[PDB]
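Residue numbers (the entry's author numbering): 1 to 39.
Every residue, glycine too, gets a C-beta built ideally from N, C-alpha and C.
First up is the structure itself, then whatever we jot down about it.
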């Protein structure tokens, strides 16, 4: 959010840290992206 910084992650996400890198995983949305997800 260049223009607007305000912005977080919904209840269910989880930031993992692996030797490969860092990815976000959503419990409810069972989705896994490389960057920070949105509501």
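Item: Using only the alpha-carbon positions, how far apart do residue 24 and residue 32 sit?; Value: 6 Å
Item: I'd like to know whether the C-beta atoms of residue 1 and residue 29 end up nearer to each other than 8 Å.; Value: no
Item: Looking at residue 27 and residue 14, is the spacing between their C-beta atoms short of 8 Å?; Value: yes
Item: Quick check: what's the CA-CA separation for residue 18 versus residue 38?; Value: 22 Å
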